[PDB]
$ cat my_file21.cif   # mmCIF, C-alpha atoms
data_data
loop_
_atom_site.label_atom_id
_atom_site.label_comp_id
_atom_site.auth_asym_id
_atom_site.auth_seq_id
_atom_site.Cartn_x
_atom_site.Cartn_y
_atom_site.Cartn_z
CA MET A 1 -10.01 -11.80 -11.49
CA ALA A 2 -10.94 -12.16 -15.20
CA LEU A 3 -14.62 -11.57 -14.45
CA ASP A 4 -13.80 -8.56 -12.29
CA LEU A 5 -11.60 -7.03 -14.97
CA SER A 6 -14.42 -7.27 -17.50
CA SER A 7 -16.92 -5.70 -15.10
CA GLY A 8 -14.44 -2.96 -14.18
CA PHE A 9 -14.05 -2.15 -17.87
CA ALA A 10 -17.80 -2.02 -18.46
CA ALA A 11 -18.22 0.20 -15.40
CA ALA A 12 -15.51 2.56 -16.64
CA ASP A 13 -17.32 2.84 -19.97
CA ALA A 14 -20.59 3.58 -18.18
CA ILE A 15 -18.82 6.29 -16.21
CA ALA A 16 -17.46 7.96 -19.33
CA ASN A 17 -20.98 8.00 -20.76
CA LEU A 18 -22.42 9.38 -17.52
CA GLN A 19 -19.86 12.18 -17.44
CA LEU A 20 -20.93 13.48 -20.85
CA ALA A 21 -24.61 12.75 -20.23
CA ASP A 22 -24.63 14.77 -17.00
CA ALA A 23 -22.36 17.61 -18.13
CA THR A 24 -19.99 17.94 -21.09
CA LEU A 25 -17.61 15.66 -22.95
CA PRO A 26 -14.58 14.69 -20.78
CA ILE A 27 -12.40 14.70 -23.92
CA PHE A 28 -10.29 11.95 -22.37
CA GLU A 29 -11.93 8.72 -21.25
CA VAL A 30 -10.32 6.59 -18.55
CA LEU A 31 -10.65 2.80 -18.58
CA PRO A 32 -8.75 -0.11 -16.91
CA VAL A 33 -6.65 -2.56 -18.90
CA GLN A 34 -7.99 -6.11 -18.66
CA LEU A 35 -4.78 -7.92 -17.75
CA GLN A 36 -5.33 -11.42 -16.40
CA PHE A 37 -2.26 -11.75 -14.18
CA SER A 38 -2.23 -14.23 -11.32
CA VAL A 39 0.61 -12.35 -9.63
CA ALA A 40 0.80 -11.95 -5.85
CA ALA A 41 3.43 -9.20 -6.09
CA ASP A 42 2.20 -5.61 -6.29
CA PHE A 43 3.06 -3.28 -9.17
CA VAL A 44 5.77 -0.75 -8.30
CA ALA A 45 6.59 0.84 -11.67
CA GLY A 46 5.90 0.54 -15.39
CA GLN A 47 6.12 1.82 -18.97
CA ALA A 48 4.00 2.05 -22.11
CA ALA A 49 5.81 2.69 -25.38
CA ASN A 50 6.55 1.17 -28.78
CA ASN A 51 3.31 -0.84 -28.62
CA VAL A 52 4.40 -2.62 -25.41
CA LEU A 53 3.20 -2.32 -21.80
CA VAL A 54 5.76 -2.97 -19.08
CA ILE A 55 4.93 -3.91 -15.51
CA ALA A 56 7.54 -3.86 -12.77
CA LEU A 57 6.81 -6.02 -9.75
CA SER A 58 8.11 -5.59 -6.21
CA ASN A 59 9.76 -9.01 -6.51
CA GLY A 60 11.65 -8.00 -9.66
CA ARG A 61 9.31 -9.81 -12.06
CA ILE A 62 8.88 -8.17 -15.46
CA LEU A 63 5.74 -8.40 -17.57
CA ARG A 64 5.67 -7.37 -21.24
CA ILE A 65 2.23 -6.98 -22.82
CA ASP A 66 1.41 -5.92 -26.37
CA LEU A 67 -0.61 -2.67 -26.37
CA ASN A 68 -2.56 -3.51 -29.52
CA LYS A 69 -3.03 -7.20 -28.74
CA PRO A 70 -3.32 -7.35 -24.90
CA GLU A 71 -3.83 -11.12 -24.89
CA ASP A 72 -0.20 -11.47 -26.01
CA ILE A 73 1.72 -11.65 -22.74
CA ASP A 74 5.41 -12.34 -22.10
CA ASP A 75 5.98 -13.15 -18.42
CA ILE A 76 9.70 -13.01 -17.60
CA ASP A 77 11.04 -15.06 -14.66
CA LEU A 78 14.02 -13.49 -12.90
CA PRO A 79 16.73 -15.21 -10.78
CA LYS A 80 15.95 -15.54 -7.07
CA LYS A 81 16.80 -12.48 -5.00
CA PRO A 82 16.88 -11.65 -1.24
CA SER A 83 14.44 -9.14 0.25
CA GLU A 84 17.53 -6.96 0.73
CA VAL A 85 17.54 -6.39 -3.04
CA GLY A 86 14.69 -3.90 -2.64
CA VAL A 87 12.12 -3.06 -5.31
CA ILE A 88 11.99 -1.54 -8.78
CA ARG A 89 11.39 2.21 -8.56
CA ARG A 90 11.99 3.57 -12.05
CA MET A 91 11.42 2.19 -15.54
CA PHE A 92 12.37 3.25 -19.05
CA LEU A 93 11.15 1.73 -22.30
CA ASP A 94 12.83 2.87 -25.49
CA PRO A 95 10.05 4.83 -27.28
CA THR A 96 11.15 3.48 -30.67
CA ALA A 97 12.44 0.04 -29.66
CA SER A 98 11.59 -3.05 -27.62
CA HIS A 99 14.64 -2.65 -25.37
CA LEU A 100 13.75 -2.11 -21.70
CA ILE A 101 15.74 -0.64 -18.81
CA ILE A 102 14.97 -1.62 -15.21
CA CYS A 103 16.18 0.50 -12.27
CA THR A 104 15.93 -0.31 -8.55
CA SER A 105 16.12 1.59 -5.25
CA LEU A 106 19.61 0.16 -4.66
CA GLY A 107 20.96 1.86 -7.78
CA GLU A 108 21.13 -1.46 -9.62
CA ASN A 109 20.50 -1.37 -13.36
CA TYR A 110 19.38 -4.24 -15.57
CA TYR A 111 18.87 -4.43 -19.33
CA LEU A 112 16.08 -6.53 -20.82
CA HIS A 113 15.27 -7.59 -24.38
CA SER A 114 12.81 -10.14 -25.79
CA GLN A 115 15.68 -11.93 -27.56
CA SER A 116 16.90 -13.24 -24.19
CA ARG A 117 13.85 -12.30 -22.07
CA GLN A 118 15.66 -12.52 -18.72
CA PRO A 119 17.35 -9.21 -17.67
CA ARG A 120 21.04 -8.85 -16.87
CA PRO A 121 22.95 -6.43 -14.56
CA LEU A 122 25.58 -4.02 -15.83
CA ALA A 123 28.99 -4.87 -14.36
CA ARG A 124 30.29 -1.36 -15.05
CA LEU A 125 27.70 0.10 -12.67
CA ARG A 126 28.42 -2.21 -9.74
CA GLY A 127 30.38 0.54 -7.98
CA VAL A 128 28.12 3.33 -9.26
CA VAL A 129 24.63 4.37 -8.19
CA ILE A 130 22.36 5.29 -11.10
CA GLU A 131 18.72 6.22 -10.45
CA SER A 132 17.67 5.97 -14.09
CA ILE A 133 19.08 5.16 -17.55
CA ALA A 134 17.60 5.96 -20.96
CA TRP A 135 18.26 5.74 -24.71
CA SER A 136 18.04 8.65 -27.14
CA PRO A 137 15.48 8.27 -30.00
CA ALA A 138 17.34 11.02 -31.83
CA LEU A 139 19.32 8.22 -33.49
CA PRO A 140 17.73 5.66 -35.89
CA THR A 141 16.98 2.15 -34.64
CA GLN A 142 19.21 0.58 -37.27
CA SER A 143 22.85 0.83 -36.19
CA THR A 144 24.32 3.32 -33.72
CA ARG A 145 22.34 4.40 -30.65
CA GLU A 146 23.20 6.97 -27.99
CA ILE A 147 22.93 6.09 -24.31
CA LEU A 148 22.19 8.53 -21.49
CA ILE A 149 23.25 7.69 -17.92
CA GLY A 150 21.16 9.42 -15.21
CA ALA A 151 23.66 9.13 -12.35
CA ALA A 152 22.53 9.67 -8.75
CA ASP A 153 25.58 11.87 -8.20
CA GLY A 154 24.56 14.30 -10.95
CA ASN A 155 27.20 13.01 -13.37
CA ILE A 156 25.75 12.60 -16.85
CA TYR A 157 27.59 10.12 -19.02
CA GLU A 158 27.01 9.51 -22.72
CA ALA A 159 28.19 6.98 -25.31
CA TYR A 160 27.63 5.99 -28.93
CA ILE A 161 26.97 2.25 -29.03
CA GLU A 162 26.41 -0.01 -32.04
CA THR A 163 23.23 -2.07 -31.71
CA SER A 164 23.88 -5.66 -30.67
CA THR A 165 20.45 -6.32 -29.14
CA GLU A 166 21.99 -6.74 -25.69
CA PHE A 167 23.74 -3.54 -24.61
CA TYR A 168 25.06 -4.81 -21.28
CA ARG A 169 27.80 -6.70 -23.12
CA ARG A 170 29.65 -3.51 -24.06
CA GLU A 171 32.73 -2.48 -22.10
CA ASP A 172 31.92 1.21 -21.64
CA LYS A 173 32.74 1.92 -25.27
CA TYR A 174 33.17 5.66 -25.88
CA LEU A 175 31.60 6.43 -22.49
CA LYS A 176 32.57 9.80 -21.01
CA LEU A 177 31.20 12.52 -18.73
CA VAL A 178 29.38 15.26 -20.63
CA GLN A 179 27.56 17.32 -17.99
CA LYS A 180 27.62 17.63 -14.19
CA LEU A 181 24.69 18.48 -11.90
CA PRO A 182 26.04 18.97 -8.32
CA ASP A 183 22.68 20.24 -7.06
CA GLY A 184 20.95 16.84 -6.85
CA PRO A 185 20.35 13.27 -8.14
CA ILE A 186 18.97 12.59 -11.62
CA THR A 187 15.48 11.10 -11.89
CA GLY A 188 16.22 10.26 -15.52
CA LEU A 189 17.31 11.51 -18.94
CA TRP A 190 15.26 11.99 -22.10
CA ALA A 191 16.12 13.14 -25.61
CA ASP A 192 14.93 13.82 -29.15
CA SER A 193 16.16 15.33 -32.42
CA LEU A 194 16.33 18.99 -33.47
CA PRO A 195 14.34 19.28 -36.77
CA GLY A 196 16.16 22.46 -37.82
CA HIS A 197 19.36 20.47 -38.38
CA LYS A 198 20.03 16.99 -39.75
CA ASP A 199 22.87 16.09 -37.36
CA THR A 200 21.74 17.77 -34.13
CA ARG A 201 19.82 16.59 -31.03
CA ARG A 202 18.56 17.92 -27.68
CA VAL A 203 18.82 16.28 -24.25
CA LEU A 204 17.19 17.25 -20.97
CA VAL A 205 18.02 16.10 -17.44
CA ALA A 206 15.58 15.93 -14.56
CA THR A 207 16.81 16.04 -10.97
CA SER A 208 15.08 16.35 -7.62
CA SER A 209 16.36 19.93 -7.29
CA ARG A 210 17.16 21.11 -10.84
CA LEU A 211 16.50 20.97 -14.58
CA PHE A 212 19.33 21.31 -17.11
CA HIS A 213 19.30 21.41 -20.92
CA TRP A 214 22.15 20.79 -23.38
CA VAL A 215 22.69 19.77 -27.01
CA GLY A 216 24.79 17.38 -29.09
CA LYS A 217 25.15 15.63 -32.45
CA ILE A 218 23.60 12.56 -34.11
CA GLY A 219 25.84 12.43 -37.18
CA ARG A 220 27.60 9.18 -38.12
CA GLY A 221 30.93 10.99 -37.88
CA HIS A 222 30.42 11.06 -34.11
CA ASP A 223 29.87 7.33 -33.63
CA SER A 224 33.45 6.71 -32.51
CA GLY A 225 36.36 9.15 -32.32
CA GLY A 226 34.07 12.08 -33.12
CA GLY A 227 31.91 11.00 -30.18
CA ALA A 228 34.65 11.71 -27.67
CA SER A 229 35.38 14.98 -29.48
CA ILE A 230 31.85 16.39 -29.27
CA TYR A 231 31.48 15.25 -25.66
CA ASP A 232 34.59 17.20 -24.67
CA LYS A 233 33.34 20.36 -26.37
CA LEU A 234 29.96 20.17 -24.65
CA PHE A 235 31.55 19.54 -21.25
CA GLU A 236 34.10 22.36 -21.53
CA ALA A 237 31.57 24.91 -22.80
CA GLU A 238 29.63 24.66 -19.51
CA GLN A 239 26.61 26.63 -20.78
CA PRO A 240 23.37 24.66 -20.09
CA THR A 241 20.09 26.33 -19.16
CA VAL A 242 19.34 25.87 -15.46
CA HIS A 243 16.03 25.85 -13.58
CA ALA A 244 15.24 24.94 -9.97
CA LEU A 245 12.52 23.08 -8.09
CA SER A 246 12.02 23.71 -4.37
CA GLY A 247 12.64 20.82 -1.98
CA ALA A 248 9.23 21.40 -0.41
CA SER A 249 8.90 18.18 1.60
CA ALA A 250 8.80 16.01 -1.51
CA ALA A 251 10.83 13.29 -3.24
CA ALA A 252 10.56 15.56 -6.27
CA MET A 253 10.75 12.67 -8.72
CA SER A 254 9.95 13.77 -12.27
CA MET A 255 9.92 12.83 -15.96
CA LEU A 256 10.83 14.56 -19.21
CA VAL A 257 8.42 14.48 -22.15
CA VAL A 258 8.11 15.64 -25.78
CA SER A 259 5.27 17.41 -27.64
CA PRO A 260 5.54 16.58 -31.40
CA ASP A 261 3.23 19.28 -32.77
CA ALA A 262 3.79 22.77 -34.21
CA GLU A 263 0.33 23.37 -35.72
CA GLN A 264 -1.33 25.08 -32.75
CA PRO A 265 -0.76 28.62 -31.34
CA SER A 266 1.77 29.03 -28.54
CA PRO A 267 1.70 32.67 -27.32
CA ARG A 268 5.39 33.14 -26.53
CA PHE A 269 6.86 32.56 -29.99
CA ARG A 270 4.03 32.76 -32.53
CA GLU A 271 6.35 33.36 -35.47
CA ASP A 272 6.41 31.99 -39.02
CA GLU A 273 8.82 29.28 -37.87
CA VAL A 274 7.41 27.14 -35.07
CA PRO A 275 9.64 24.32 -33.66
CA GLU A 276 8.48 20.71 -33.46
CA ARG A 277 8.98 18.14 -30.71
#

$ encode --input "my_file21.cif" --output "structure tokens"
Amino acid sequence: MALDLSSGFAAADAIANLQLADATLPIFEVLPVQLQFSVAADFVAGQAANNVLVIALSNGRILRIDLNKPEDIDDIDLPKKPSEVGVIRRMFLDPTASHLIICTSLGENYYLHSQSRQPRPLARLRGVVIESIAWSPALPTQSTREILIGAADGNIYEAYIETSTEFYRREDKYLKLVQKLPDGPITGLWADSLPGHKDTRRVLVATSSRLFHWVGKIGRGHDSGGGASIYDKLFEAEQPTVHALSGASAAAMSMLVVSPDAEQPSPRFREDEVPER
């Protein structure tokens, strides 16, 4: 194990040097991470954000490894489960926080945080199938955060929740439907801010058959009563951008990403004002 990881790393380095020696620079070098895990279970999913690596195991085990100090490993032991529980299929790690969301093939959703280590199920989702859940980084990791629910039925729910470390202890506070996607199940939701305005954000939804885009607010006036107000307006307006992906014999699972750079040319809108993120 440990000796094979070291040799695999050295071999990967030799390969990167051979690629440039034989031809041209690869630009991106690919090397294995030397993780010394004596784990029989196979990896099924994972994340890498906020300086932490996350490994999802087929038996539900969660591994949290520092990305800058890989020797620092937190191995979290879950409660015993039946084989009927299935495996973890999707993972989301808050890009600006240590909070982790675990999603399984059964639609079960668990929240995990290093304060308690061991993950807990959300009671409010026991009767609801959610493929993936995510948090919006458009809000500061200090007080109020906005949650995005990637429902399997295409129903997108949103709420403004005050940080309490463990977010599974909240009784659906200010949680309401904002958008509906009848065309297919959501693979997950991702979000960021809109730099042209101090209180505005953007959220995208990925589904197996469609892509939708809509907007909302990140102002403090929307943390409670104003939250419900803006959600109603966005729902009633019913004017998202819609794109389709063919169901060409594929699961069509996908992820939404952000590109935080406006320095380079982009030959569709090369104007004086070039948007970031």

$ resolve_selection --input "my_file21.cif" --expression "the PyMOL selection byres ((chain A and resi 108) around 10)" --output "mmCIF file with C-alpha atoms, in the coordinates of the input"
data_model
loop_
_atom_site.group_PDB
_atom_site.id
_atom_site.type_symbol
_atom_site.label_atom_id
_atom_site.label_comp_id
_atom_site.auth_asym_id
_atom_site.auth_seq_id
_atom_site.Cartn_x
_atom_site.Cartn_y
_atom_site.Cartn_z
ATOM 1 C CA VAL A 85 17.540 -6.390 -3.040
ATOM 2 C CA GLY A 86 14.690 -3.900 -2.640
ATOM 3 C CA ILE A 88 11.990 -1.540 -8.780
ATOM 4 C CA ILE A 102 14.970 -1.620 -15.210
ATOM 5 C CA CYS A 103 16.180 0.500 -12.270
ATOM 6 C CA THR A 104 15.930 -0.310 -8.550
ATOM 7 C CA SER A 105 16.120 1.590 -5.250
ATOM 8 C CA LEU A 106 19.610 0.160 -4.660
ATOM 9 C CA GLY A 107 20.960 1.860 -7.780
ATOM 10 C CA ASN A 109 20.500 -1.370 -13.360
ATOM 11 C CA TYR A 110 19.380 -4.240 -15.570
ATOM 12 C CA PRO A 121 22.950 -6.430 -14.560
ATOM 13 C CA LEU A 122 25.580 -4.020 -15.830
ATOM 14 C CA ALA A 123 28.990 -4.870 -14.360
ATOM 15 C CA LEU A 125 27.700 0.100 -12.670
ATOM 16 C CA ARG A 126 28.420 -2.210 -9.740
ATOM 17 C CA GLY A 127 30.380 0.540 -7.980
ATOM 18 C CA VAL A 128 28.120 3.330 -9.260
ATOM 19 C CA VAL A 129 24.630 4.370 -8.190
ATOM 20 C CA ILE A 130 22.360 5.290 -11.100
ATOM 21 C CA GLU A 131 18.720 6.220 -10.450
ATOM 22 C CA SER A 132 17.670 5.970 -14.090
#

$ closest_residue --input "my_file21.cif" --among "A:116, A:264, A:47, A:155" --to "residue A:167" --atoms "all atoms listed in the file"
A:116

$ atom_distance --input "my_file21.cif" --atom1 "atom CA of residue A:44" --atom2 "atom CA of residue A:254"
15.6 Å

$ resolve_selection --input "my_file21.cif" --expression "the PyMOL selection byres ((chain A and resi 144) around 8)" --output "ChimeraX atom specification"
/A:139-143,145-146,160-163,223

$ residues_around --input "my_file21.cif" --residues "stretch 180-192 of chain A" --least-positions-apart "2" --cutoff "7 Å" --atoms "all atoms listed in the file" --output "CSV table (one decimal) with C-alpha atoms, in the coordinates of the input"
chain,number,residue,atom,x,y,z
A,131,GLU,CA,18.7,6.2,-10.4
A,132,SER,CA,17.7,6.0,-14.1
A,133,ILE,CA,19.1,5.2,-17.6
A,134,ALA,CA,17.6,6.0,-21.0
A,136,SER,CA,18.0,8.6,-27.1
A,137,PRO,CA,15.5,8.3,-30.0
A,138,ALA,CA,17.3,11.0,-31.8
A,148,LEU,CA,22.2,8.5,-21.5
A,150,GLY,CA,21.2,9.4,-15.2
A,151,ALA,CA,23.7,9.1,-12.4
A,152,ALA,CA,22.5,9.7,-8.8
A,153,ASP,CA,25.6,11.9,-8.2
A,154,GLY,CA,24.6,14.3,-11.0
A,155,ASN,CA,27.2,13.0,-13.4
A,156,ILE,CA,25.8,12.6,-16.8
A,194,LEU,CA,16.3,19.0,-33.5
A,201,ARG,CA,19.8,16.6,-31.0
A,202,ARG,CA,18.6,17.9,-27.7
A,203,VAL,CA,18.8,16.3,-24.2
A,204,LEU,CA,17.2,17.2,-21.0
A,205,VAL,CA,18.0,16.1,-17.4
A,206,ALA,CA,15.6,15.9,-14.6
A,207,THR,CA,16.8,16.0,-11.0
A,208,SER,CA,15.1,16.4,-7.6
A,209,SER,CA,16.4,19.9,-7.3
A,210,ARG,CA,17.2,21.1,-10.8
A,253,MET,CA,10.8,12.7,-8.7
A,254,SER,CA,10.0,13.8,-12.3
A,255,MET,CA,9.9,12.8,-16.0
A,256,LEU,CA,10.8,14.6,-19.2

$ closest_residue --input "my_file21.cif" --among "A:271, A:45, A:28, A:3" --to "residue A:15" --atoms "only C-alpha atoms"
A:28

$ residues_around --input "my_file21.cif" --residues "residue A:260" --least-positions-apart "3" --cutoff "12 Å" --atoms "all atoms listed in the file" --output "JSON, numbers by chain"
{"A": [192, 193, 194, 195, 257, 263, 264, 274, 275, 276, 277]}

$ residues_near_point --input "my_file21.cif" --point "(22.0, 16.8, -39.8)" --cutoff "8 Å" --atoms "all atoms listed in the file" --output "count of residues only"
6

$ atom_distance --input "my_file21.cif" --atom1 "atom CA of residue A:14" --atom2 "atom CA of residue A:69"
23.2 Å

$ resolve_selection --input "my_file21.cif" --expression "the PyMOL selection byres ((chain A and resi 117) around 10)" --output "compact mmCIF listing (two decimals) with C-alpha atoms, in the frame of the given file"
# COMPACT_ATOMS: atom_id res chain seq x y z
CA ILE A 62 8.88 -8.17 -15.46
CA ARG A 64 5.67 -7.37 -21.24
CA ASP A 74 5.41 -12.34 -22.10
CA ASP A 75 5.98 -13.15 -18.42
CA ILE A 76 9.70 -13.01 -17.60
CA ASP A 77 11.04 -15.06 -14.66
CA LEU A 78 14.02 -13.49 -12.90
CA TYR A 111 18.87 -4.43 -19.33
CA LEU A 112 16.08 -6.53 -20.82
CA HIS A 113 15.27 -7.59 -24.38
CA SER A 114 12.81 -10.14 -25.79
CA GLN A 115 15.68 -11.93 -27.56
CA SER A 116 16.90 -13.24 -24.19
CA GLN A 118 15.66 -12.52 -18.72
CA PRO A 119 17.35 -9.21 -17.67
CA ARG A 120 21.04 -8.85 -16.87

$ decode --input "my_file21.cif" --residues "stretch 119-150 of chain A" --atoms "N, CA and C atoms" --output "PDB file, in the first residue's frame"
ATOM      1  N   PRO A 119     -22.254  11.909  10.429  1.00  0.00           N
ATOM      2  CA  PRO A 119     -23.327  12.495   9.643  1.00  0.00           C
ATOM      3  C   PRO A 119     -24.698  12.152  10.205  1.00  0.00           C
ATOM      4  N   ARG A 120     -25.671  13.024   9.950  1.00  0.00           N
ATOM      5  CA  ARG A 120     -27.048  12.766  10.354  1.00  0.00           C
ATOM      6  C   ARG A 120     -28.020  13.025   9.202  1.00  0.00           C
ATOM      7  N   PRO A 121     -29.073  12.204   9.090  1.00  0.00           N
ATOM      8  CA  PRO A 121     -30.137  12.269   8.104  1.00  0.00           C
ATOM      9  C   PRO A 121     -31.047  13.461   8.347  1.00  0.00           C
ATOM     10  N   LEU A 122     -31.663  13.955   7.280  1.00  0.00           N
ATOM     11  CA  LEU A 122     -32.641  15.027   7.410  1.00  0.00           C
ATOM     12  C   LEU A 122     -34.055  14.465   7.465  1.00  0.00           C
ATOM     13  N   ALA A 123     -34.727  14.677   8.593  1.00  0.00           N
ATOM     14  CA  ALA A 123     -36.055  14.115   8.815  1.00  0.00           C
ATOM     15  C   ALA A 123     -37.067  14.663   7.815  1.00  0.00           C
ATOM     16  N   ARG A 124     -36.864  15.905   7.394  1.00  0.00           N
ATOM     17  CA  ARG A 124     -37.802  16.571   6.498  1.00  0.00           C
ATOM     18  C   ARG A 124     -37.781  15.965   5.099  1.00  0.00           C
ATOM     19  N   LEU A 125     -36.730  15.214   4.784  1.00  0.00           N
ATOM     20  CA  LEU A 125     -36.603  14.602   3.469  1.00  0.00           C
ATOM     21  C   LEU A 125     -36.942  13.115   3.477  1.00  0.00           C
ATOM     22  N   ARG A 126     -37.462  12.605   4.588  1.00  0.00           N
ATOM     23  CA  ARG A 126     -37.744  11.175   4.666  1.00  0.00           C
ATOM     24  C   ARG A 126     -38.780  10.737   3.635  1.00  0.00           C
ATOM     25  N   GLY A 127     -39.733  11.614   3.336  1.00  0.00           N
ATOM     26  CA  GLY A 127     -40.768  11.312   2.353  1.00  0.00           C
ATOM     27  C   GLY A 127     -40.459  11.915   0.983  1.00  0.00           C
ATOM     28  N   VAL A 128     -39.266  12.483   0.832  1.00  0.00           N
ATOM     29  CA  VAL A 128     -38.906  13.186  -0.395  1.00  0.00           C
ATOM     30  C   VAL A 128     -37.589  12.678  -0.970  1.00  0.00           C
ATOM     31  N   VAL A 129     -37.563  12.425  -2.274  1.00  0.00           N
ATOM     32  CA  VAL A 129     -36.340  11.960  -2.916  1.00  0.00           C
ATOM     33  C   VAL A 129     -35.546  13.123  -3.502  1.00  0.00           C
ATOM     34  N   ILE A 130     -34.347  13.347  -2.966  1.00  0.00           N
ATOM     35  CA  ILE A 130     -33.471  14.403  -3.468  1.00  0.00           C
ATOM     36  C   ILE A 130     -32.169  13.789  -3.968  1.00  0.00           C
ATOM     37  N   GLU A 131     -31.827  14.025  -5.233  1.00  0.00           N
ATOM     38  CA  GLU A 131     -30.601  13.459  -5.793  1.00  0.00           C
ATOM     39  C   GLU A 131     -29.357  14.174  -5.277  1.00  0.00           C
ATOM     40  N   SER A 132     -29.448  15.495  -5.132  1.00  0.00           N
ATOM     41  CA  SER A 132     -28.319  16.275  -4.640  1.00  0.00           C
ATOM     42  C   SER A 132     -28.748  17.569  -3.954  1.00  0.00           C
ATOM     43  N   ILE A 133     -27.985  17.969  -2.939  1.00  0.00           N
ATOM     44  CA  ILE A 133     -28.221  19.214  -2.207  1.00  0.00           C
ATOM     45  C   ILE A 133     -26.931  20.022  -2.112  1.00  0.00           C
ATOM     46  N   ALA A 134     -27.049  21.348  -2.185  1.00  0.00           N
ATOM     47  CA  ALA A 134     -25.875  22.214  -2.195  1.00  0.00           C
ATOM     48  C   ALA A 134     -26.133  23.538  -1.481  1.00  0.00           C
ATOM     49  N   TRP A 135     -25.053  24.173  -1.033  1.00  0.00           N
ATOM     50  CA  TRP A 135     -25.120  25.501  -0.430  1.00  0.00           C
ATOM     51  C   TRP A 135     -24.590  26.563  -1.384  1.00  0.00           C
ATOM     52  N   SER A 136     -25.170  27.757  -1.313  1.00  0.00           N
ATOM     53  CA  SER A 136     -24.739  28.871  -2.148  1.00  0.00           C
ATOM     54  C   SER A 136     -23.640  29.707  -1.481  1.00  0.00           C
ATOM     55  N   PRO A 137     -22.478  29.850  -2.130  1.00  0.00           N
ATOM     56  CA  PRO A 137     -21.326  30.616  -1.698  1.00  0.00           C
ATOM     57  C   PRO A 137     -21.532  32.104  -1.935  1.00  0.00           C
ATOM     58  N   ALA A 138     -22.697  32.452  -2.481  1.00  0.00           N
ATOM     59  CA  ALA A 138     -23.015  33.846  -2.763  1.00  0.00           C
ATOM     60  C   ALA A 138     -23.217  34.605  -1.458  1.00  0.00           C
ATOM     61  N   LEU A 139     -23.440  33.865  -0.374  1.00  0.00           N
ATOM     62  CA  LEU A 139     -23.598  34.454   0.948  1.00  0.00           C
ATOM     63  C   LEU A 139     -22.354  34.159   1.779  1.00  0.00           C
ATOM     64  N   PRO A 140     -21.929  35.098   2.628  1.00  0.00           N
ATOM     65  CA  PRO A 140     -20.743  35.037   3.464  1.00  0.00           C
ATOM     66  C   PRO A 140     -20.851  33.944   4.516  1.00  0.00           C
ATOM     67  N   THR A 141     -19.736  33.272   4.777  1.00  0.00           N
ATOM     68  CA  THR A 141     -19.690  32.215   5.780  1.00  0.00           C
ATOM     69  C   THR A 141     -19.517  32.802   7.172  1.00  0.00           C
ATOM     70  N   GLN A 142     -20.490  33.607   7.581  1.00  0.00           N
ATOM     71  CA  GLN A 142     -20.450  34.279   8.872  1.00  0.00           C
ATOM     72  C   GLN A 142     -21.763  34.121   9.627  1.00  0.00           C
ATOM     73  N   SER A 143     -22.876  34.328   8.928  1.00  0.00           N
ATOM     74  CA  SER A 143     -24.192  34.253   9.552  1.00  0.00           C
ATOM     75  C   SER A 143     -25.173  33.464   8.694  1.00  0.00           C
ATOM     76  N   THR A 144     -25.913  34.168   7.847  1.00  0.00           N
ATOM     77  CA  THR A 144     -26.951  33.542   7.036  1.00  0.00           C
ATOM     78  C   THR A 144     -26.380  32.889   5.784  1.00  0.00           C
ATOM     79  N   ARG A 145     -26.830  31.668   5.513  1.00  0.00           N
ATOM     80  CA  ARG A 145     -26.467  30.947   4.300  1.00  0.00           C
ATOM     81  C   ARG A 145     -27.724  30.546   3.540  1.00  0.00           C
ATOM     82  N   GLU A 146     -27.612  30.400   2.227  1.00  0.00           N
ATOM     83  CA  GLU A 146     -28.758  29.980   1.431  1.00  0.00           C
ATOM     84  C   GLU A 146     -28.591  28.550   0.938  1.00  0.00           C
ATOM     85  N   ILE A 147     -29.620  27.737   1.153  1.00  0.00           N
ATOM     86  CA  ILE A 147     -29.587  26.330   0.771  1.00  0.00           C
ATOM     87  C   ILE A 147     -30.370  26.069  -0.505  1.00  0.00           C
ATOM     88  N   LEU A 148     -29.817  25.209  -1.352  1.00  0.00           N
ATOM     89  CA  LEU A 148     -30.446  24.822  -2.605  1.00  0.00           C
ATOM     90  C   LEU A 148     -30.773  23.325  -2.606  1.00  0.00           C
ATOM     91  N   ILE A 149     -32.052  22.984  -2.766  1.00  0.00           N
ATOM     92  CA  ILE A 149     -32.465  21.579  -2.782  1.00  0.00           C
ATOM     93  C   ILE A 149     -32.698  21.062  -4.205  1.00  0.00           C
ATOM     94  N   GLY A 150     -31.834  20.146  -4.647  1.00  0.00           N
ATOM     95  CA  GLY A 150     -31.896  19.557  -5.986  1.00  0.00           C
ATOM     96  C   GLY A 150     -32.817  18.340  -6.039  1.00  0.00           C
TER      97      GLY A 150
END
